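Okay, work-v9.pdb now, which holds PDB, C-alpha atoms (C1' of nucleotides) and all ligand atoms:
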ATOM      1  CA  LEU A   1       3.201 105.912 -45.737
ATOM      2  CA  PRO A   2       5.987 108.329 -44.644
ATOM      3  CA  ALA A   3       4.205 109.008 -41.348
ATOM      4  CA  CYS A   4       3.637 105.300 -40.698
ATOM      5  CA  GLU A   5       7.335 104.529 -41.168
ATOM      6  CA  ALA A   6       8.275 106.844 -38.295
ATOM      7  CA  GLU A   7       5.665 105.296 -35.998
ATOM      8  CA  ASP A   8       6.579 101.732 -36.968
ATOM      9  CA  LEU A   9      10.305 102.394 -36.558
ATOM     10  CA  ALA A  10       9.724 103.815 -33.074
ATOM     11  CA  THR A  11       7.822 100.676 -32.064
ATOM     12  CA  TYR A  12      10.573  98.568 -33.636
ATOM     13  CA  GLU A  13      13.172 100.086 -31.311
ATOM     14  CA  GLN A  14      10.917  99.416 -28.320
ATOM     15  CA  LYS A  15      10.471  95.796 -29.406
ATOM     16  CA  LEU A  16      14.237  95.342 -29.721
ATOM     17  CA  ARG A  17      14.731  96.483 -26.126
ATOM     18  CA  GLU A  18      11.858  94.322 -24.880
ATOM     19  CA  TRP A  19      13.347  91.315 -26.675
ATOM     20  CA  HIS A  20      16.808  92.027 -25.261
ATOM     21  CA  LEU A  21      15.495  92.059 -21.688
ATOM     22  CA  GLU A  22      13.431  88.889 -22.123
ATOM     23  CA  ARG A  23      16.396  87.118 -23.716
ATOM     24  CA  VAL A  24      18.632  88.033 -20.773
ATOM     25  CA  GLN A  25      16.059  86.586 -18.370
ATOM     26  CA  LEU A  26      16.089  83.252 -20.203
ATOM     27  CA  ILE A  27      19.897  83.135 -20.168
ATOM     28  CA  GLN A  28      19.980  83.893 -16.441
ATOM     29  CA  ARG A  29      17.305  81.302 -15.653
ATOM     30  CA  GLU A  30      19.289  78.706 -17.608
ATOM     31  CA  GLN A  31      22.444  79.455 -15.618
ATOM     32  CA  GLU A  32      20.646  79.011 -12.290
ATOM     33  CA  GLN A  33      19.172  75.609 -13.163
ATOM     34  CA  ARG A  34      22.552  74.352 -14.383
ATOM     35  CA  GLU A  35      24.162  75.479 -11.126
ATOM     36  CA  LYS A  36      21.409  73.690  -9.203
ATOM     37  CA  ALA A  37      22.009  70.618 -11.369
ATOM     38  CA  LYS A  38      25.580  70.496 -10.068
ATOM     39  CA  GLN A  39      24.305  70.714  -6.488
ATOM     40  CA  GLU A  40      21.824  67.917  -7.205
ATOM     41  CA  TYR A  41      24.625  65.660  -8.456
ATOM     42  CA  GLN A  42      26.721  66.583  -5.415
ATOM     43  CA  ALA A  43      23.846  65.483  -3.178
ATOM     44  CA  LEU A  44      23.366  62.355  -5.307
TER      45      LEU A  44
ATOM     46  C1'   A B   1      17.742  51.301 -11.077
ATOM     47  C1'   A B   2      14.985  55.934  -9.670
ATOM     48  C1'   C B   3      17.922  61.013 -12.368
ATOM     49  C1'   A B   4      17.690  64.750 -16.229
ATOM     50  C1'   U B   5      15.487  68.408 -19.503
ATOM     51  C1'   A B   6      12.038  72.400 -19.414
ATOM     52  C1'   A B   7       9.133  76.510 -17.755
ATOM     53  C1'   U B   8       6.196  84.769 -20.241
ATOM     54  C1'   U B   9      -0.084  78.876 -23.075
ATOM     55  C1'   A B  10       2.987  74.642 -20.730
ATOM     56  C1'   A B  11       5.130  70.012 -20.733
ATOM     57  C1'   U B  12       8.759  66.167 -21.859
ATOM     58  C1'   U B  13      11.373  62.146 -19.908
ATOM     59  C1'   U B  14      12.726  58.714 -15.922
ATOM     60  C1'   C B  15       9.331  55.883 -13.061
ATOM     61  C1'   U B  16      14.590  50.039 -14.582
ATOM     62  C1'   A B  17      17.463  45.452 -15.311
ATOM     63  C1'   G B  18      18.109  39.637 -13.881
ATOM     64  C1'   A B  19      16.519  34.913 -11.670
ATOM     65  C1'   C B  20      12.026  32.933 -10.147
ATOM     66  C1'   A B  21      15.760  26.842 -13.146
ATOM     67  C1'   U B  22      16.553  22.580 -10.354
ATOM     68  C1'   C B  23      13.885  21.074  -5.847
ATOM     69  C1'   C B  24      15.759  18.108  -0.805
ATOM     70  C1'   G B  25      11.963  14.757  -0.464
ATOM     71  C1'   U B  26       6.960  12.531  -0.490
ATOM     72  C1'   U B  27       3.071   9.000  -2.460
ATOM     73  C1'   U B  28       1.180   5.375  -5.835
ATOM     74  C1'   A B  29       1.709   1.425  -9.747
ATOM     75  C1'   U B  30       4.815  -2.569 -11.453
ATOM     76  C1'   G B  31       6.443  -7.874  -8.190
ATOM     77  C1'   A B  32      11.834 -12.298  -9.078
ATOM     78  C1'   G B  33      10.301 -15.127  -5.368
ATOM     79  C1'   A B  34       8.272 -16.358  -0.664
ATOM     80  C1'   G B  35       3.617 -16.874   2.684
ATOM     81  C1'   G B  36      -1.347 -16.449   4.833
ATOM     82  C1'   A B  37      -6.783 -16.904   5.145
ATOM     83  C1'   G B  38     -11.073 -18.849   3.187
ATOM     84  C1'   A B  39     -14.017 -22.020   0.122
ATOM     85  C1'   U B  40     -14.055 -26.007  -3.088
ATOM     86  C1'   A B  41     -14.974 -31.055  -1.610
ATOM     87  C1'   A B  42     -14.729 -37.484  -2.523
ATOM     88  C1'   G B  43     -10.229 -38.405   0.340
ATOM     89  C1'   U B  44      -5.632 -39.969   3.684
ATOM     90  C1'   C B  45      -3.391 -40.534   8.827
ATOM     91  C1'   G B  46      -4.555 -40.509  13.676
ATOM     92  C1'   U B  47      -8.726 -39.586  17.597
ATOM     93  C1'   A B  48      -7.322 -33.798  20.190
ATOM     94  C1'   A B  49     -12.339 -31.715  22.219
ATOM     95  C1'   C B  50     -17.718 -32.645  23.767
ATOM     96  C1'   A B  51     -19.700 -38.319  28.949
ATOM     97  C1'   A B  52     -14.922 -38.447  34.759
ATOM     98  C1'   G B  53     -14.634 -38.213  26.146
ATOM     99  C1'   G B  54     -11.976 -42.884  28.556
ATOM    100  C1'   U B  55      -4.905 -38.886  31.327
ATOM    101  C1'   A B  56     -11.054 -33.297  33.901
ATOM    102  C1'   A B  57     -10.730 -29.006  30.700
ATOM    103  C1'   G B  58      -8.704 -24.216  29.854
ATOM    104  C1'   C B  59      -5.232 -19.546  30.583
ATOM    105  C1'   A B  60      -0.126 -17.312  30.359
ATOM    106  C1'   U B  61       4.635 -19.226  29.167
ATOM    107  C1'   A B  62       8.589 -22.753  27.919
ATOM    108  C1'   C B  63      10.360 -26.947  25.507
ATOM    109  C1'   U B  64       9.205 -31.094  22.354
ATOM    110  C1'   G B  65       6.636 -33.768  18.353
ATOM    111  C1'   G B  66       3.583 -36.612  11.175
ATOM    112  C1'   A B  67      -0.687 -34.183  12.804
ATOM    113  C1'   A B  68      -4.138 -32.991  15.923
ATOM    114  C1'   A B  69      -1.147 -32.296  20.366
ATOM    115  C1'   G B  70       2.369 -33.924  24.797
ATOM    116  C1'   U B  71       5.168 -32.348  29.240
ATOM    117  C1'   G B  72       6.628 -28.778  32.942
ATOM    118  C1'   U B  73       5.482 -24.162  36.330
ATOM    119  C1'   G B  74       1.751 -20.833  38.553
ATOM    120  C1'   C B  75      -3.280 -19.523  37.950
ATOM    121  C1'   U B  76      -8.940 -20.345  36.821
ATOM    122  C1'   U B  77     -13.721 -23.608  37.352
ATOM    123  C1'   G B  78     -16.300 -22.373  32.439
ATOM    124  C1'   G B  79     -14.920 -30.247  36.389
ATOM    125  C1'   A B  80     -15.384 -33.967  40.137
ATOM    126  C1'   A B  81     -14.787 -34.699  45.233
ATOM    127  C1'   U B  82     -16.135 -38.547  50.937
ATOM    128  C1'   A B  83     -13.831 -44.595  52.525
TER     129        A B  83
HETATM  130  K     K C 101      -6.409 -34.238  26.362
HETATM  131  K     K C 102     -11.060 -38.122  22.977
HETATM  132  K     K C 103     -14.559 -32.901  30.557
HETATM  133 MG    MG C 104      -9.045 -35.947  27.985
HETATM  134 MG    MG C 105      -6.014 -41.794  25.689
HETATM  135 MG    MG C 106      -0.438 -23.579  26.164
HETATM  136 MG    MG C 107       7.683 -34.903  25.657
HETATM  137 MG    MG C 108       7.993 -37.088  30.982
END

Serialized structure, structure tokens:
Amino acid sequence: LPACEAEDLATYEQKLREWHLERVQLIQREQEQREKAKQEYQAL
RNA sequence: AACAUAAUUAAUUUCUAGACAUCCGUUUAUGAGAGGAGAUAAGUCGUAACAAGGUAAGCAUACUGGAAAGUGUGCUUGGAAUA
């Protein structure tokens, strides 16, 4: 078990960084659609 | 009235809401009362037509009359025409 903890903890740090990047993408995509929504109302 | 969410399998939602009510008219039935035509069928009043029907007849039209009918004007023969 001691050896597995080191391996699992290393993967855990990688997952945290992967999750952080994916979360930022969702936040950015949300901002763009909301900005477009304003333009759509301006056209409407 | 027609947008908005969502999106590291992908989908959700919108994609509406009133007013289609009277009609203006148009047909038919009802018929106060007033007429017509026809038939019923013994009658009444005249004798208008058919004979040159006893005023030759008729047409259009006008007027007149119990009723057929009478009179005028033009027209027709589906009348006559030698004294
Ligand atoms: K006569
Ligand atoms: K007569
Ligand atoms: K005659
Ligand atoms: Mg006569
Ligand atoms: Mg006579
Ligand atoms: Mg006459
Ligand atoms: Mg007279
Ligand atoms: Mg006279």

Rounded to one decimal place, report the atom MG of ligand MG 107 (chain C)-atom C1' of residue 60 of chain B distance in Å.
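So the answer is 19.8 Å.
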
Using all atoms listed in the file, determine which residues fall within 10 Å of ligand MG 106 (chain C), then list them as a PyMOL selection string.
chain B and resi 58-62

Check: which chain A residues lie within 12 Å of chain B using all atoms listed in the file, as a ChimeraX atom specification:
/A:19,21-23,25-26,29-30,33-34,36-38,40-41,43-44

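Going from atom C1' of residue 49 of chain B over to atom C1' of residue 64 of chain B, you cover 21.6 Å.
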
Counting all atoms listed in the file, name the residues that have an atom within 9 Å of an atom of ligand K 101 (chain C); the answer should be given as JSON, numbers by chain.
{"B": [48, 49, 55, 56, 57, 69, 70]}

Quick one: distance from atom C1' of residue 80 of chain B to atom K of ligand K 103 (chain C) in Å, one decimal?
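Separation between atom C1' of residue 80 of chain B and atom K of ligand K 103 (chain C): 9.7 Å.
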
Around ligand K 103 (chain C), at most 8 Å away and counting only C-alpha atoms (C1' of nucleotides) and all ligand atoms, which residues are there? Put them as a ChimeraX atom specification, please.
/B:50-53,56-57,79

Working from the structure I just supplied, which lacks atoms in segment 11-34 of chain A, can you model N, CA and C atoms there and output them as an mmCIF file, keeping the file's coordinate frame?
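Output (result.cif):
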data_model
loop_
_atom_site.group_PDB
_atom_site.id
_atom_site.type_symbol
_atom_site.label_atom_id
_atom_site.label_comp_id
_atom_site.auth_asym_id
_atom_site.auth_seq_id
_atom_site.Cartn_x
_atom_site.Cartn_y
_atom_site.Cartn_z
ATOM 1 N N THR A 11 8.233 101.915 -32.716
ATOM 2 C CA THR A 11 7.822 100.676 -32.064
ATOM 3 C C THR A 11 8.875 99.592 -32.241
ATOM 4 N N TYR A 12 9.544 99.573 -33.397
ATOM 5 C CA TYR A 12 10.573 98.568 -33.636
ATOM 6 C C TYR A 12 11.696 98.682 -32.616
ATOM 7 N N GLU A 13 12.119 99.908 -32.304
ATOM 8 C CA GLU A 13 13.172 100.086 -31.311
ATOM 9 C C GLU A 13 12.708 99.612 -29.941
ATOM 10 N N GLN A 14 11.447 99.886 -29.595
ATOM 11 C CA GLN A 14 10.917 99.416 -28.320
ATOM 12 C C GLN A 14 10.893 97.895 -28.271
ATOM 13 N N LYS A 15 10.507 97.254 -29.376
ATOM 14 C CA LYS A 15 10.471 95.796 -29.406
ATOM 15 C C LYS A 15 11.867 95.214 -29.236
ATOM 16 N N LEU A 16 12.870 95.833 -29.862
ATOM 17 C CA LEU A 16 14.237 95.342 -29.721
ATOM 18 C C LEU A 16 14.671 95.348 -28.263
ATOM 19 N N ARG A 17 14.339 96.412 -27.529
ATOM 20 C CA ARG A 17 14.731 96.483 -26.126
ATOM 21 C C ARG A 17 13.943 95.486 -25.289
ATOM 22 N N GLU A 18 12.651 95.328 -25.580
ATOM 23 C CA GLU A 18 11.858 94.322 -24.880
ATOM 24 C C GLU A 18 12.422 92.929 -25.120
ATOM 25 N N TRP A 19 12.790 92.627 -26.367
ATOM 26 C CA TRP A 19 13.347 91.315 -26.675
ATOM 27 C C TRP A 19 14.680 91.108 -25.969
ATOM 28 N N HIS A 20 15.511 92.152 -25.917
ATOM 29 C CA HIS A 20 16.808 92.027 -25.261
ATOM 30 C C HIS A 20 16.643 91.682 -23.787
ATOM 31 N N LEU A 21 15.698 92.333 -23.107
ATOM 32 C CA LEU A 21 15.495 92.059 -21.688
ATOM 33 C C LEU A 21 14.964 90.649 -21.473
ATOM 34 N N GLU A 22 13.981 90.233 -22.274
ATOM 35 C CA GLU A 22 13.431 88.889 -22.123
ATOM 36 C C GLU A 22 14.487 87.832 -22.410
ATOM 37 N N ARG A 23 15.345 88.078 -23.402
ATOM 38 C CA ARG A 23 16.396 87.118 -23.716
ATOM 39 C C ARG A 23 17.370 86.978 -22.554
ATOM 40 N N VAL A 24 17.718 88.093 -21.908
ATOM 41 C CA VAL A 24 18.632 88.033 -20.773
ATOM 42 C C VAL A 24 18.021 87.212 -19.645
ATOM 43 N N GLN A 25 16.712 87.353 -19.426
ATOM 44 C CA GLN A 25 16.059 86.586 -18.370
ATOM 45 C C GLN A 25 16.179 85.091 -18.632
ATOM 46 N N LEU A 26 15.986 84.671 -19.883
ATOM 47 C CA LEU A 26 16.089 83.252 -20.203
ATOM 48 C C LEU A 26 17.508 82.746 -19.982
ATOM 49 N N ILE A 27 18.509 83.543 -20.362
ATOM 50 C CA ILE A 27 19.897 83.135 -20.168
ATOM 51 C C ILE A 27 20.211 83.008 -18.684
ATOM 52 N N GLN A 28 19.733 83.956 -17.877
ATOM 53 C CA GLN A 28 19.980 83.893 -16.441
ATOM 54 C C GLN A 28 19.283 82.689 -15.820
ATOM 55 N N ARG A 29 18.027 82.446 -16.199
ATOM 56 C CA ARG A 29 17.305 81.302 -15.653
ATOM 57 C C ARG A 29 18.007 79.996 -16.007
ATOM 58 N N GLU A 30 18.556 79.906 -17.220
ATOM 59 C CA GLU A 30 19.289 78.706 -17.608
ATOM 60 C C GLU A 30 20.519 78.506 -16.733
ATOM 61 N N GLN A 31 21.239 79.588 -16.429
ATOM 62 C CA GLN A 31 22.444 79.455 -15.618
ATOM 63 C C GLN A 31 22.110 78.945 -14.222
ATOM 64 N N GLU A 32 21.006 79.423 -13.644
ATOM 65 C CA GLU A 32 20.646 79.011 -12.290
ATOM 66 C C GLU A 32 20.325 77.522 -12.231
ATOM 67 N N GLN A 33 19.540 77.022 -13.190
ATOM 68 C CA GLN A 33 19.172 75.609 -13.163
ATOM 69 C C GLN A 33 20.396 74.722 -13.345
ATOM 70 N N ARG A 34 21.334 75.135 -14.203
ATOM 71 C CA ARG A 34 22.552 74.352 -14.383
ATOM 72 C C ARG A 34 23.374 74.324 -13.102
#
